[PDB]
Amino acid sequence: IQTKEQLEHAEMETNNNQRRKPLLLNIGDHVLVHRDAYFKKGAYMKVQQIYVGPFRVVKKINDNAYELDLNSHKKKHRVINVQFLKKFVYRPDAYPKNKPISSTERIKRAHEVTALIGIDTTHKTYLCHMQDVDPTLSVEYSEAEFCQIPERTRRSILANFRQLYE
Amino acid sequence: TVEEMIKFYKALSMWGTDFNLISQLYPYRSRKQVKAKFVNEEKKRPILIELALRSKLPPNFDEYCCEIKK
Amino acid sequence: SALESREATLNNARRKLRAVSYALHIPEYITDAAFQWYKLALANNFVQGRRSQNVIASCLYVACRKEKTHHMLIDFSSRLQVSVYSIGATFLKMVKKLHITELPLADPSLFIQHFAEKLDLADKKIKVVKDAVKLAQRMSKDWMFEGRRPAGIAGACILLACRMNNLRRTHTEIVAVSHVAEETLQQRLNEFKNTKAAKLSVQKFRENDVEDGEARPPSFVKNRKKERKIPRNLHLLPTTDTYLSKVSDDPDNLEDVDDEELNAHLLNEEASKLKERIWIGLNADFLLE
Amino acid sequence: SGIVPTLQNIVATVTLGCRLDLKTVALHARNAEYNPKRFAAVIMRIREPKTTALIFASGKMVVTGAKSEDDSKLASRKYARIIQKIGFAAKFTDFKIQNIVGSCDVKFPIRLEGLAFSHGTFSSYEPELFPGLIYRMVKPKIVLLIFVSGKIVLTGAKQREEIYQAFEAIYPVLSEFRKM
DNA sequence: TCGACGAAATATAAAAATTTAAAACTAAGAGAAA
């Protein structure tokens, strides 16, 4: 992590090539998708930049429409554009912890956190960074397991990040 | 044998459910077998179940059969 | 400490996992993946009350399946009485609990390369296994093998390869490691005999096998017609609340079920003593406990 | 497309609101299986309307096996009449349906090995144990049993409109998973 | 000795409803050893 930080900040690229920089994605690799999983809403002063976890791609329609399983296929909750896709979710060596899945998982692994991004704008749901996982992956927390942590500093730093942002 | 099926027909025509009674009468069966035969006889013979319902033979066989081997 | 209690449990899990792996003959990285899945299981409030062999068997199976291998649940359950299907049920329960993603495929080509050495071996070990996987690759695309016990289809393909080639072996000796019933085995063999024209069976099967459509699975034949011959509109979808409202739940509605049921709800009291005689004869000690 | 699922099985329960014992009910019953050493609950079978509801000592009965929703509540009313006439008051209220099971055929063959790899988020495929694919749908919560034969078990919903919505939701999945 | 059928075992989704482990999780208790 440190070597990657000091190598990428040793920190730019070629302008106007980033539109063509998306390329052909083979079937099988896990694909990370943007905020509009099935709903697109006004995320809380958004700095998460892709906002959810990876999924597996099984089929492709065209060069700008890829099929990958997110929800049930009702009302076409299966395909999105390539502008909402990314590629890289790798190096478990650098990121030891897996992806927490259940609330009973979340209760026990709750006291291992890195950062808090922002509350989901729908009703109450928290979006957070966990520890020893890549920052691209994100983990969803609710208020049920949010009371068993040092969370005072978490919404404190979220408040001062909001102060910096707006 | 078909004679065992005839005897079971007579037993179900005599009284209601007697799974413990016929299980103890024949020391080689179980609850699953008599439940299975009740399930497969409730559907394939619509006239026989109604005939057993409207017949209700007196228990002149089970009481005597409970003493021959026990 | 909180971290101290984890170490003893993980050590016990490692000891049991290594004990089973010593008889399963699995590589090191498979056991490492199984142990990390066991750590994930403990992180998910590990299922209590289960037998220890069940959860370690499930973790070993999912680790051996995450990379394409050949091990079968019978090998997990091969200690003189294990009741393999209970292990399968525990694995099915842990599928949803552990939330398995990136599921592995089910292709029996790797099965033949491991079943070859025990039953129906070859001098070069190139002929029979390649013949079996070559016929299986095209029999898979005919939509015939779908959820039909991959060990069974592997054994059937091995038997078909032995039949088309020359190999003096006992037909019934394959059940030692395959563990497949003879009824479904001969069903799959004569299904292959039915779906193939047998044009060059004595020498070598057809080298250009293409069956585009034209065939159906046997279960489709059984229950597509749902009998024996020998995007709708939302208005067309009624709600079932009116069905529940049709029957009145009124307290005074106690006489709407008079269809000779009122004369025969319960047993008559004149035969109560007659029932009680055989009841105290047999069903007497059954209540004192 | 136009195929409608068939209403096949309904699971429902009611509470009679009395802390009774069931040995009294079992001692006076025309057709009722009961074993005190195992449980204190009595399984009773009636010819019509083909229901096998299970009564509990807590004062509640779970009605299962009814072909129709009318038949389920009518059988529950009959059992309420029985328990009124044997030894108890046991008022019949608070009807609630927990699960409705239906089966229907889609009439064209479905790819399932491709379906297992594609919809594996909501599917659980295990050919070593169960031939069918268990589709564990989340929203709405109906669990489907997809088969290559096209006969789909449709358990999970407590209503009929939910059943129809699940069928029309999963029909495009089988539409793209056709066999040519 | 190949074909012909019957039938329990599972999933399945609930509501339930008494007993049985049963394996993480604490907590003494000894034994080291600078």
Straight-distance crosslink candidates among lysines, where the alpha carbon sits under 19 Å from A:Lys75 and sequence neighbours closer than 8 are dropped
A:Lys40, A:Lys41, A:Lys59, A:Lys60, D:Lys139, D:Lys141
Which angle from 0 to 90°, rounded to the nearest 10, does the C-alpha axis of helix B:2-14 make with the longest principal axis of chain B?
80 degrees
Report, in degrees rounded to the nearest 10, the 0 to 90 angle that the Cα long axis of helix D:69-86 makes with the longest principal axis of chain D.
20 degrees
Longest principal axis of chain B (C-alpha) makes with the long axis of helix B:31-44 (C-alpha) an angle, in degrees to the nearest 10, of 20 degrees
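Just add up the charged neighbours of B:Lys43: K/R +1, D/E -1, any other residue whose Cβ is under 14 Å from the Cβ of B:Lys43. Walk me through the numbers on the way to the answer.
Details: positive: B:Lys35, B:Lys37, B:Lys44, B:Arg45, D:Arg45, D:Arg47, D:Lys50, D:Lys67; negative: B:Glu41, B:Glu42, B:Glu50, D:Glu48.
Combined, the nearby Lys, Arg, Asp and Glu give +4.
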Which peptide among D:90-98, C:41-49 comes first, and what is the full order, when sorted by highest mean count of other Cβ atoms within 10 Å?
D:90-98, C:41-49
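Report Rg(Cα)/(2.2 N^0.38 Å) for chain C, keeping two decimals.
Values: Rg = 28.8 Å, N = 289, 2.2 N^0.38 = 18.9 Å.
Output field value: 1.52.
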Please list, ordered by chain and number, the residues whose modelled amide H lies under 5 Å from the amide H of D:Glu33; skip anything fewer than 5 residues away on the same chain.
D:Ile43, D:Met44, D:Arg45
q = 0.17 Å⁻¹: log10 I(q)/I(0) that the Debye formula gives for chain D, counting C-alpha atoms only:
-0.98
Shielding of C:237-250 by partners, i.e. mean partner chain Cβ atoms within 10 Å per residue?
6
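With N residues in chain A, what two-decimal value do you get for its Cα radius of gyration over 2.2 N^0.38 Å? Write down the numbers at each step before the final one.
Numbers: Rg = 17.4 Å, N = 166, 2.2 N^0.38 = 15.3 Å.
That ratio works out to 1.13.
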Within 10 Å of each candidate Cβ there may be at most 15 other Cβ atoms; applying that plus a DSSP loop requirement, which chymotrypsin sites (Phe, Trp or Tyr not before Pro) in the range A:40-110 survive?
A:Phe88, A:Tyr90
Simple SL model, points at 7 angstrom along Cα→Cβ for A:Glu67 and C:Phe286; separation in nm is 5.7 nm
Compactness of the range C:60-188 as Cα Rg over 2.2 N^0.38 Å, two decimals:
1.11
Once every DSSP H run of n ≥ 4 in chain C is given -39500 (n - 2.57) and the sum is divided by its residues, what mean residue ellipticity at 222 nm do you get, rounded to the nearest 500 deg cm²/dmol?
-16000 deg cm²/dmol
Once phi for every residue in the range C:125-136 is put through the Karplus expression 6.51 cos²θ - 1.76 cosθ + 1.60 (θ = phi - 60°), the whole-Hz ³J(HN,Hα) values, with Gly and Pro written as x, are 6, 10, 6, 5, 5, 5, 4, 5, 6, 5, 6, 5
What does the net charge come to around A:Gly118 if you take all other residues with beta carbon closer than 11 Å to its beta carbon, with K and R at +1 and D and E at -1?
+2
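Explain nothing, just the number: dipole magnitude of the range D:12-97 about its Cα centre with +1 on each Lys and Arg Cβ and -1 on each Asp and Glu Cβ, in debye rounded to the nearest 20.
Values: 17 positive and 7 negative charges, 38 e Å.
Charge dipole, the range D:12-97, about its Cα centre: 180 debye, nearest 20.
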Whole-Hz couplings from phi, Karplus 6.51/-1.76/1.60, listed for the range C:71-86; x for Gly and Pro:
6, 10, 5, 5, 5, 5, 9, 9, 9, 6, 6, 10, 6, 3, 6, 5
Among B:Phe38, C:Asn253, A:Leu70, the residue whose Cα sits farthest towards the positive end of the charge dipole of the protein assembly as shown, when +1 is placed on the Cβ of each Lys and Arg and -1 on the Cβ of each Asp and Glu, is A:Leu70
One point scatterer per Cα, no solvent, Debye formula: log10 I(q)/I(0) for the protein assembly as shown at q = 0.05 Å⁻¹ comes out as -0.36
How are the C-alpha pair distances of the range C:193-286 spread across 5 Å bins, as whole percents from the shortest bin up?
2, 7, 7, 7, 6, 6, 7, 8, 7, 8, 7, 6, 6, 6, 6, 3, 0
Pairs from D:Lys85/D:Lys158; D:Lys37/D:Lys73; C:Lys229/D:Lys50; B:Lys10/B:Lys43; D:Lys23/D:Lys96 whose Cα-Cα separation, in the structure shown, is over 20 Å
D:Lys85/D:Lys158; D:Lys37/D:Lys73; C:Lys229/D:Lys50; D:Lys23/D:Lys96
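Return the calculated 222 nm mean residue ellipticity for chain D, to the nearest 500 deg cm²/dmol, obtained by summing -39500 (n - 2.57) across DSSP H runs with n ≥ 4 and dividing by the residue count.
Values: 4 runs with 45 residues, N = 180.
Value at 222 nm, helices only: -7500 deg cm²/dmol.
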Evaluate the Debye formula for the range A:74-120 with equal point scatterers sitting on the alpha carbons, no solvent, and hand back log10 of I(q)/I(0) at q = 0.13, 0.17, 0.27 Å⁻¹, in q order, two decimals.
-0.58, -0.91, -1.06
Please report, in cubic angstrom per residue, the volume enclosed by the convex hull of the alpha-carbon atoms of the range D:12-97.
83 Å³
Work from the charge dipole of the range D:12-97 (Cβ charges, +1 for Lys and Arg, -1 for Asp and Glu, about the Cα centre) and give the residue of D:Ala41, D:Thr51, D:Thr13 farthest towards its positive end.
D:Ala41
For the protein assembly as shown, the charge dipole (Cβ of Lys, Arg +1; Cβ of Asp, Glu -1; about the Cα centre) points to a positive end, and the Cα of D:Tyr171, C:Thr240, D:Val4 closest to that extreme belongs to D:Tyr171
Suppose we keep just the alpha-carbon trace of the range B:14-55; what are its Rg and Dmax in angstrom?
11.2, 30
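Give, rounded to the nearest 20 debye, the magnitude of the charge dipole that the protein assembly as shown has about its Cα centre when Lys and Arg contribute +1 at Cβ and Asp and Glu contribute -1 at Cβ.
Numbers: 115 positive and 83 negative charges, 277 e Å.
Result for the protein assembly as shown is approximately 1320 debye, rounded to the nearest 20.
Scan the range D:21-72 for trypsin sites (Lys or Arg not before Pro) in coil per DSSP, keeping those whose Cβ has at most 16 other Cβ atoms within 10 Å, and list them by number. Write out the running numbers ahead of the final one.
Details: sites: D:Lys23, D:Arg30, D:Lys37, D:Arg38, D:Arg45, D:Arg47, D:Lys50, D:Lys60, D:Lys67; in loops: D:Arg30, D:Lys37, D:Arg38, D:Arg45, D:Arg47, D:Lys50, D:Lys67.
Those satisfying the criteria are D:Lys37, D:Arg38, D:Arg47, D:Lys50, D:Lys67.
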If each DSSP helix of 4+ residues adds -39,500 (n - 2.57) and the sum is divided by the residues in chain A, what number results at 222 nm, nearest 500 deg cm²/dmol?
-4500 deg cm²/dmol
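Each value in this text was obtained by applying a stated rule to the coordinates, not by laboratory testing. We place every Cβ from the backbone using ideal geometry, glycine too, and count neighbours over all the protein chains shown.
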